[PDB]
Amino acid sequence: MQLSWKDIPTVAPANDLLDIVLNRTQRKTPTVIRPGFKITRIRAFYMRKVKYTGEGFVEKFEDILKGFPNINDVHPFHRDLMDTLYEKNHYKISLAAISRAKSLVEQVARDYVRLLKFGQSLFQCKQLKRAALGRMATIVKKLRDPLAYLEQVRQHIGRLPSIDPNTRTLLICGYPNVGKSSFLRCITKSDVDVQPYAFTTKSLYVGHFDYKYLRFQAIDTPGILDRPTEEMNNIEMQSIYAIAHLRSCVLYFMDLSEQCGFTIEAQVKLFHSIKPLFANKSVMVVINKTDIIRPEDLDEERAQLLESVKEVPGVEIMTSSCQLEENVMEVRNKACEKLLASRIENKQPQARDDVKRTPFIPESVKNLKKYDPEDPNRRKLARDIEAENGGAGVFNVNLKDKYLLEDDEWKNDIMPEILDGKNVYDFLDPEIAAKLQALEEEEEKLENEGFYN
Amino acid sequence: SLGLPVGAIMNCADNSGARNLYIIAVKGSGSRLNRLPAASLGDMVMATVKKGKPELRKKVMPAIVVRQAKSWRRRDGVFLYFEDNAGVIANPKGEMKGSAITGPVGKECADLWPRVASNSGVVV
Amino acid sequence: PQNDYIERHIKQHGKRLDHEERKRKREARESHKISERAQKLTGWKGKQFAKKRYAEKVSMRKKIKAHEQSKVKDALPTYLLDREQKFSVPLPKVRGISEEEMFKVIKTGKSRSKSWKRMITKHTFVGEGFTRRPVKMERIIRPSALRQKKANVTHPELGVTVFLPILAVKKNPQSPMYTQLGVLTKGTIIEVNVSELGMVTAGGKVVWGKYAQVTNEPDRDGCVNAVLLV
Amino acid sequence: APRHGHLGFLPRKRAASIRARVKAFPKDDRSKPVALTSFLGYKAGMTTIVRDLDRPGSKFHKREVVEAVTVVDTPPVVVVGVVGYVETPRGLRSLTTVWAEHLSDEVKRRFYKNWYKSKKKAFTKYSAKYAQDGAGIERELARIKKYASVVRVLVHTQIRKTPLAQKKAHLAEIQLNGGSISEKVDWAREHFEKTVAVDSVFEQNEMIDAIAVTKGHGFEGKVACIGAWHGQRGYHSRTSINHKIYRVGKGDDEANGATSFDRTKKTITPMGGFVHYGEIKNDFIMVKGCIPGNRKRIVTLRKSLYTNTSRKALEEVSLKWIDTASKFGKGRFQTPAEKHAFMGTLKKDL
Amino acid sequence: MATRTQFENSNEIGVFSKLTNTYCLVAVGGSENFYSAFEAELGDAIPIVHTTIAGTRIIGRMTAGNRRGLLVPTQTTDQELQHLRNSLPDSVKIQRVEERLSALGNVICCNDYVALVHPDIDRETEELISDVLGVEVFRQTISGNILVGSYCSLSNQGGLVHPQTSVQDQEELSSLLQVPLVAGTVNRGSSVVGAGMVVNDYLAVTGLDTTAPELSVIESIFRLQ
Amino acid sequence: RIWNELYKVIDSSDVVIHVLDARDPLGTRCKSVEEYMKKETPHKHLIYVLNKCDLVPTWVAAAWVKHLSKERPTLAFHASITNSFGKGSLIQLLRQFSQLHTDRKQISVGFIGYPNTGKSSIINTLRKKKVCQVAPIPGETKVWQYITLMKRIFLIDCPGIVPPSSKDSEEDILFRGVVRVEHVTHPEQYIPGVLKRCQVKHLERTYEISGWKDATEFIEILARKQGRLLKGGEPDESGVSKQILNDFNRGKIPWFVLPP
RNA sequence: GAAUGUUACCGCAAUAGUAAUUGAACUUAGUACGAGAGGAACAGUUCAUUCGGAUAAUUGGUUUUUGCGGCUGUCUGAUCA
RNA sequence: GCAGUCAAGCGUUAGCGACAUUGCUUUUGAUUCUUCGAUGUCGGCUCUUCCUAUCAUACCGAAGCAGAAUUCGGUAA
RNA sequence: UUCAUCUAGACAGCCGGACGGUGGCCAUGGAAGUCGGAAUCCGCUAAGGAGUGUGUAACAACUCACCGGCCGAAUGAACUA
Ligand SMILES: [Mg+2]
Ligand SMILES: [Mg+2]
């Protein structure tokens, strides 16, 4: 899988794992066997115990193998990141050694099970089982160092970032201590240390922010020193790999000030030598700490170096600062516009002659005041009544008696709905005398018609 | 009163149309010695498509029962039942595959499955 | 996700007030808890606890001795350095395995009254020329599961064990009819393909086979061990 | 796996008496007035009530629901005596008993067996001791005041007033919830021969428990794997708890059956009458659920031995209509008026 | 006006409620959080009648109506009808339409000026609905969908339909209804847009699953701002 | 052990004689067993025999034997009890093998192959009479048996062999005598696969009126003709599919495959 | 069934056995935690499988009401009952 | 296991020997397609009873345990 | 039982010193003693480890190895029954 494989079961060291397996085998299997028991039963019991131990070991090893991220072919960016973090060759060799140990355990268990079914004396079966257990322990014993290294890398791999390069992304990069970490903290709702040293954000922290109704993620990295492409550290190698593999332009930062005490010529030369990384990214350049420099008041010789930056096609020089973040809005807007342009370039009513209507928003809603939840001076919001009443557990909703009718006495009157005959609703109508005035005449004309005498 | 037992060949109730379905399994069944699962009205069950669309055949999908056909004592004292057993098919979240339904649906199943209620016009 | 920040959060909230005090109190109580557990942890647990305590004590003693020694203060070629390293048999008077159940009897026929069958319950090596005869002739049966072709071999020189094919068996004491049967019967002398070591006798005639005696009991173990008779 | 019942209910021999003896009584709250802990009566039959409930958070909230309910006959009762008990290491022991000497023929018949052949030599002889200026019952009261920290009152059912005509009444003990036993004994003495009202001891929505004897079924005595190498069903005392009282039945007047909603003026008497029972004409209690035993079997009502604060007990009923159709077959009408309306005039009418 | 709102744990807002330009129906079950959530946007302009239909909590789909009146299925009990009559405004009328179909909200969808009905609905019921709502009636289906109300949502402003509707069908529906029509989606592509949410000329309510683009589309089509 | 009869006979048999279906010998040519024999039993000849030649065209069998002859004798054989074909050649081969092992004075031959291919029938026709029970059923024997002939060689009987493999492909497995079709609940799903191997004209020749499409329709028509159709036109596909699979296993419908 | 001079009522208990079980809809929650993905339980209500104690008004089978009306054939000479 | 290695201690006091320790113990998550003569009556239904070397529920504990969720020591029949 | 501490103040308890070249040499964005590793010096004394730990980007911040200010009479370590 991808995206934070932390779900690995954080296997215990070799000694602890072996102790756990042995305890499980002892607990989950019978123990009291006697010489007087039939040879077949004793052999079956010993074979069952050996098979249970072997199956437990095999299941543990298989789960360990499966839980790993399957570095091979997973992704070039992820593969390079894992290689830098954990020295891919060693990790692959450790996994191969674990697989070989599992195969050896399987073979040993099978061989001992095949041999175990022929021992006659109970002592012979006991010795065979002990030899099988010793062989399994010896096989597991040599696995201590690979298991410990895998546990360490898992402890580190679980907390690694989780981003898809194929998605739309914009990154921030530049010299360390340029305020890049502060820019990342301000631009997106992410918390990162802003301490003033050249390795503040050692790890590649991931930031997320939304613009134009779309999510735009970002990453952080301290950048690159002189680094003539022969002597590079793991942290800088990770940044180089990320810049190479990642999607649309990463923002290049430059501290045009006394801080970051490398001559601006060195900063220009860094990006000039890194130019091959700008094959199709349409790189953008943002000057940091502009508040205390005002690049407009810059030496002509230094301005020439900045001018040389503009010479390379598809670049821009935007002003930004950390003390005041007003420029961050424009920076993010321009970055998002460029990202959308790059992602895009890769590719009624009919007035039916009769209908008349007006927007029928009721005058009440038109003139009613806007509601404010945080303001104490607001409507009751009888949800509050329920909360103070004890929530829905005991709040007896009583919207009844609070409805519009002719009189306030009808609110509490209990409608009978039954009068010893079929419900009045079938004939419940105002002015019931319409069905009573003629009843007297009907009775009179039925009595005086000779039908009863 | 529980509905059809395990393996009952119930008819489909969706608009896509299917000959029938086989209830290989039940969810939330009352697992008990000698007491087989019995899917009741409104209960989501995993029933294989015994016959129907060529692609739907030979695969199990969550089937939602919409008719019971058996006498069950609702909290209302009336012992109502239906013509025959029928049930729609939907994903585990109740997303019915079809865009409509065939036949009426009961209130008990509609209440538990808002999507099914929205997907039915003749309710109760 | 979110790499080691947890350290950052600890640094921004700083070791919750009771955490340090509770940790110190637990550490102080560790000795008392260990002493109490020395009486608890009954059968099947006290033994393990005592073994662990003994191992820890031995390690502590060996570390203290190393520190004390430190506080006081076979030539090899330049290419081998920095690299990993009266004719009685070694085991005379071997255990007298008797003619007994080891010749296990297997009941034959539907009515078990004419078994006449004997099965050898000891490891035996035959090789390619086994060619099981018709079932009617199986007077003696050596099970396949109990057949081994490669036996462990070692010598008191460099301590290197290498699995090598078994060549043949020459002399099994105690009724060498077992020798004729090819049974291992620890205490036997067997030939082993020593071509791997490549030792060369005088005259340039490289040797590739020597007779070795089985040291371990293959009957009670799933592996065969032997020592080169050099 | 489970077994054929509960081992705690076995052995299951026949009960020693038809009347279910009370195993325990509610704790005596001294702060409360002198009330009655329990009641006794005979259950008439079953009926169905349709009503709505105020149960917020429930699926059927505000919706009408029909629940099984039963009617228990409980005519007026008169106290016949008082009993005191003293705590001892052997347990509570009866100290002394007192009688009013104004005992109806029902208790005399209960005491005897062949009343018709009996000479009717009732308590008269002992009563002659009480038939004086007193100082005897005063002595008994003093003895029960100095001792007998727990007092149980004795009452007898008005079997003659029961719709099912009978001459022999039941007798049982009932405890009091009043203050110090002084008030208990004073109230008991003042209430000698006084009628007892059922409504005074219970109220609507009150949670109560009951004990009774289940229907007998006669002798009820295959796998040959029961024992290792190394016979009656029914007619036993059973207890049930958490029963909600829906309404107190003032059956000595009309309108009890009809609720404020339906107001279909009529009594709870089912059309034709209860199966194997008479025609209720006195006070009764309406309780939901069911109680062990059958019609005419004596039952006891108790208030669960403890107070409950669960919302289920707090919830109040809103009875809209009570079913009273003829239980003698597939009844279709509640009163003869409905049957006449449906069928109109008949041969018997003219 | 367009504020995210959720049922207990269901995004089908319109199943348990049916908002209208002059009243709103909400199921009596659950808690007052839904009631207060609707009150916040609706204030106290019109009564919010807590009521059930045939004992079910799907009153939003069972019943349907407009500003001039409200219609309920025959399955509705007498008590529910009386409560609706005594709670709804005097202008709104209610009747026990005696027709085979029950789910008015699913089988029928309408606004203050136009109403769509099932092609097989009885003439008497159609005439009663037309008289009650003061709106025209037309026999139509949305891309063959028998349940017009389960997919189609229509108010005085523009309308919304499930995405499966074809371009020609969308244009025909817009022309017949004389309202703007966009084949948007709600609740993360849910096809129950006609019944899983409620909306009117001033207020739009939908489940939290509605993504920001969906909310923007709803606002643009209904022009709440 | 029912299955381990493979190991039992391999260890007991001096020479293993492979039996394969003439329609597709590669199906019965599993390599896993041959690899073990090569690694551990160099003293076994591992001879091959092509059974069921009469069920395929003569040229197809000739091409198959020519292709397989690069590493095996590939003796053509037919499993008729009395009218056997190639019996003389196999008898001569066994006589030559015995002549090679004259110093042994004893020898036995074991049979390896899928169930119901030619094992029991070939043994019986070698004996010239029915000795081992034979029927159109995969399971004809549950335990091994020994048969004498010429007083110098022995025959070893065993059940069919199908080595486990993750590539089992139950769909492909059902197209051979390995599977007892009688116990399959839904044989219908596998009917369409027959058209991939069997010729269209051959079906019409050995199956009633043809011109079918959507092979389920062919099953419907066959059931209608045979009278096994249920009321309303619905066919009893279970019985029809069972009969079709049984006929395919028995070779009633002719079909064959050819090598590159 | 002898208990305890006789009978019947009320009760206490020395003693034997003991039972309930598990899950979920909400509230608190789309909040704490979460850059994102995802996301609780501490309180109160409300439901659910199995099992234990009871039935008997509602519902299925079991029918010796011989109960109702009728159908095939026989009989008191077809039909009376 | 065999043959050593260090050697807490006992040693005829040259030998033993607790715990550790080296060699058997396809380094690229490949696939072994392997599952090798158990000569014996047992096998499976229901219900009960007993143990804990306990799977869930219950109890609390140690974890790169931030939550969800996961690894494990222990109490508990 | 043996070996040392001793009124040239017995063990344990409260306070300070714990230096100067130095931030050793190679590894190098940081190893100022506590991520790598060779020796672990000389100056200096009552005493100081190119460091025992706790913790830091980097020292920094705190403890003892070892000593002294008060105490105030036997104490610490390994074995045997
Ligand atoms: Mg910084
Ligand atoms: Mg066969």
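Numbers here mean position along the shown chain, with the first residue as 1.
Using N, Cα and C of the backbone, Cβ positions are placed for all residues, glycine too.
Residues or ranges marked as GTP binding site in Swiss-Prot: F:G113, F:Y114, F:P115, F:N116, F:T117, F:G118, F:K119, F:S120, F:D157, F:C158, F:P159, F:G160, F:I161. Swiss-Prot lists F:3-164 with the feature domain 'CP-type G', giving sequence analysis as the kind of evidence.
With all protein chains in the displayed structure included, the most crowded Cβ environment within 10 Å among the binding-site residues F:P115, F:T117, F:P159 is that of F:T117. Apart from F:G113, F:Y114, F:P115, F:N116, F:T117, F:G118, F:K119, F:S120, F:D157, F:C158, F:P159, F:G160, F:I161, the residues listed for GTP, the same chain places the Cβ atoms of F:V19, F:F111, F:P138, F:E140 within 8 Å of the centroid of those Cβ atoms. Under a cutoff of 8 A between CB atoms, and with a sequence separation of 6+ in the same chain, the neighbours of F:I161 (GTP binding site) are F:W3, F:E5, F:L6, F:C30, F:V33, F:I112, F:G113, F:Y114, F:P115. Under DSSP, F:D157 (GTP binding site) is assigned to a strand (E or B) in the three-state scheme.
When the binding-site residues F:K119, F:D157 are scored by other C-beta atoms within 10 Å, F:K119 scores highest. Ligand 2 lies under 6 Å from the Cβ of F:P115, out of the binding-site residues F:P115, F:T117, F:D157, F:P159. For F:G113 (GTP binding site), the number of other Cβ atoms no farther than 10 Å from its own Cβ, over all displayed protein chains, is 27. Take F:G113, F:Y114, F:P115, F:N116, F:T117, F:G118, F:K119, F:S120, F:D157, F:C158, F:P159, F:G160, F:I161, the residues named in the record as contacts for GTP: the widest Cα to Cα gap among them comes to 13 Å.
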